[PDB]
Amino acid sequence: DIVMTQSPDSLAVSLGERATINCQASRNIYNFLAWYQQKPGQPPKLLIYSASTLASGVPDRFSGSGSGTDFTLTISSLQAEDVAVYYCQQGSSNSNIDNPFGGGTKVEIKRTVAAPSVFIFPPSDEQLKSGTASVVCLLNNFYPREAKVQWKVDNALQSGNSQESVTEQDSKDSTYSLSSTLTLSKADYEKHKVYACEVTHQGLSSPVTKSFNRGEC
Amino acid sequence: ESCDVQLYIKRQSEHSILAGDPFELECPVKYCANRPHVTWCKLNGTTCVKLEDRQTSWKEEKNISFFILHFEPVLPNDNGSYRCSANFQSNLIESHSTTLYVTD
Amino acid sequence: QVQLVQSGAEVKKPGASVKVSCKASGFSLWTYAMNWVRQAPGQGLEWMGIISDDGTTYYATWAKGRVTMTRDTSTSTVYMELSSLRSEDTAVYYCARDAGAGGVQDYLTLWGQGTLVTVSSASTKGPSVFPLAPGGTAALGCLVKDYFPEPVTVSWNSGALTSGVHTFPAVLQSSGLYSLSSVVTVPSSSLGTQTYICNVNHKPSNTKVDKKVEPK
């Protein structure tokens, strides 16, 4: 087996600055090491092969170095189109191996702290007919990605009944947005009045709470 | 940028090695872009019989590429004559044999 | 030019097998080996194996006894069959041309478009689309709920409205159906004048839904 390890898991660099990512092999793979870039909903694209040879057409802001067990990919000046997941891949052996790819490093643009704008949506009347209520909390255009959302139903903190989803970094302003959906049976929804989502984020000095009372305009 | 494949084991090449030690048998390979599918075979009289389910790897050292057969570890019966082989275009390339001498 | 064209998305029940194909154009399967690589949603690339110039196969340890790679050199088509499918086999399956002739993968120079294989007890179902009704900015949206399988797409006002749109990645619910929201921020003052319609495409069920979102 040859275990391939990338570090860090994710890297945030300000536009125009240097990005360096690491790939390590558990045993000597010489210069049989390639690098790939992958954007959402696309196949990977080859950037570097033989540790340091740029593939045809790849901008020369990309460079690879290393040999043996320690390898690096460097982006000399990060551009918006470089936001992607990067993988390394060993081509020395496949004798009893788990994976010749490393686990990947996500590269993102670092920007100034931006607090989320927060919105709450009650379930629609149309949905309530089908016997389910979805309550949505929207955290819009924030940075960094880390945020906490707490659902509170008549001051009672909720657990296990919400899912969240996060967008990819916005190409224009380098922010994220996040939704949290609280799912309740019609029955349980109608037992209560106050529906609140409580948002904490680095950019907020104290929590932001949005709420509504069921049935109210 | 472009060249024919060579498996350039020199004529009358030999190695002697301690039984119970690891050994890496080298097939020097010259190729330019499209790395060949190199296999190993061991001579049984006139026939070079392809070795199956063995540990192999690639090594590069000082601008020389080698295809490696691993012995982990060498056993007495590993004694004999070995060749590396590869398809290139529509040709079968076969190296000169290399001979192994195992000290039991 | 040189191309790799893969077979269409598959939906499979637990315990089934799948055979995905990859037709190569503009090179011989004797010149360059073919690799198969999968990726579960939001996860890393997992190499499955390689089929060499002469048809010899080599597999990742986990793939042995589960994955069978074959070829037909007369059509330059390679095949990946995966047996005893489980929900965790849900993934995009890629073929990729090796730089080399096989044995050991070298590096990958050209990729297929990928084939989504979804493994689930669920039946194919179009979404229910619900309104998410609305400083001087308002938020509005559509909840696209209870569809199977992936993918859905969402546009706003037939593609005329793009600014401020965020369409969230789907989550898989415990029911085994997917759900996503699409939202947009607009001027609060515009709400009386401007009509907002989300356009929802679920290609697996051949379903299109438009939903007007009103402030109510």
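FYI, side chains are in, hydrogens and waters are out, and symmetry mates aren't considered; it's all heavy atoms of this structure. Proteins get letters first, then strands, A, B, ... in listed order; numbering begins at 1 in each.
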Less than 4.5 Å to any heavy atom of chain C: does that hold for the side chain of A/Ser165, its backbone, both, or neither? both
Please say whether more than 12 non-hydrogen atoms of neighbouring residues, nucleotides or ligands are located less than 6.0 Å from CD in A/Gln202. no
So with a 6.0 Å cut-off around NZ of A/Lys39, is the heavy-atom count from everything else above 12? yes
Select one option (side chain, backbone, both, neither) describing which atoms of A/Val166 are under 4.5 Å from chain C's heavy atoms. backbone
Do you see a donor-acceptor pair shorter than 3.5 Å between the side chains of C/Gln39 and A/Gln38? yes
I'd like to verify something: which residue of A/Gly104, A/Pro40, A/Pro100 has the highest number of heavy-atom pairs under 4.5 Å with chain C? A/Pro100
Could you check whether any side-chain heavy atom of A/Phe101 comes within less than 4.5 Å of a side-chain heavy atom of C/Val37, counting everything from C-beta outward? yes
Of all heavy-atom pairs between A/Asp98 and C/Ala60, which one has the smallest distance, and what is that distance? O-CB, 3.5 Å
C/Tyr107 portion near chain A, given a 4.5 angstrom heavy-atom threshold: both
For chain A, which candidate among C/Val92, C/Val183, C/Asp106 shows the most heavy-atom pairs at distances under 4.5 Å? C/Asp106
For A/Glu126, is it the side chain, the backbone, both, or neither that has a heavy atom closer than 4.5 Å to a heavy atom of chain C? both
In terms of side-chain heavy atoms, does A/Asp170 have a donor or acceptor partner in C/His166 at a distance below 3.5 Å? no
Quick check on A/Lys210: does its NZ atom have over 12 non-hydrogen neighbours (other residues, nucleotides or ligands) under 6.0 Å away? no
Okay, A/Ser92 and chain C: the region with an atom under 4.5 Å from a heavy atom over there is backbone
Residue pair C/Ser181 / A/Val136: nearest heavy atoms and the distance that separates them: OG-CG2, 4.3 Å
For C/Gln43 against A/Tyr87, the heavy-atom pair lying closest together: O-OH, 3.6 Å
Measure C/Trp47 against the heavy atoms of chain A and call it side chain, backbone, both or neither at under 4.5 Å. both
At a heavy-atom separation under 4.5 Å, does C/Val129 approach chain A through its side chain, its backbone, both, or neither? backbone
So for A/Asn140, is it side chain, backbone, both, or neither that comes closer than 4.5 Å to the heavy atoms of chain C? side chain
What part of C/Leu108 gets within 4.5 angstrom of chain A, counting heavy atoms only: side chain, backbone, both, or neither? both
Examine whether an atom of C/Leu140 lies under 4.5 Å from a heavy atom of chain A, and if so say whether it belongs to the side chain, the backbone or both; otherwise answer neither. backbone
Using 0.5 Å steps for rounding, measure from the CG atom of C/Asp146 to the OG atom of A/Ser130. 8.0 Å
Measure the spacing between CG of A/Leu46 and CG of C/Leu110 and express it to the nearest 0.5 Å. 10.5 Å
Closest contact, heavy atoms only, A/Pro44 versus C/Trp111: O-CD1, 3.3 Å
Could you grab the distance from atom OG of A/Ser124 to atom NZ of C/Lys145, nearest 0.5 Å is fine? 11.0 Å
Look only at the side chain of A/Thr167 and the backbone of C/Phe168, and say whether a donor-acceptor pair between them is shorter than 3.5 Å. no
Checking C/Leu172 against chain A: side chain, backbone, both or neither under 4.5 Å from a heavy atom? backbone
Contacting moiety of C/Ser179, where chain A heavy atoms sit under 4.5 Å: neither
Tightest non-hydrogen contact, residues C/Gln105 and A/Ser93, listed as NE2-O, 3.1 Å
Please state whether the side chain, the backbone, both or neither of A/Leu138 comes within less than 4.5 Å of a heavy atom of chain C. side chain
Does any heavy atom of chain C fall under 4.5 Å from the side chain of A/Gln90, the backbone, both, or neither of them? both
Measure the spacing between NZ of A/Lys129 and OG of C/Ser128 and express it to the nearest 0.5 Å. 13.0 Å
Return the minimal non-hydrogen interatomic distance between C/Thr137 and A/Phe119, and the atom names on each side. O-CE2, 4.2 Å
Is there a donor-acceptor contact under 3.5 Å from the side chain of A/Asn96 to the main chain of C/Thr61? no
Give the member of A/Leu178, A/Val85, A/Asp1 that has the highest number of heavy-atom pairs under 4.5 Å with chain C. A/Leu178
With rounding to the nearest 0.5 Å, note down the distance linking CG in C/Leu132 to CD in A/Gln127. 9.0 Å
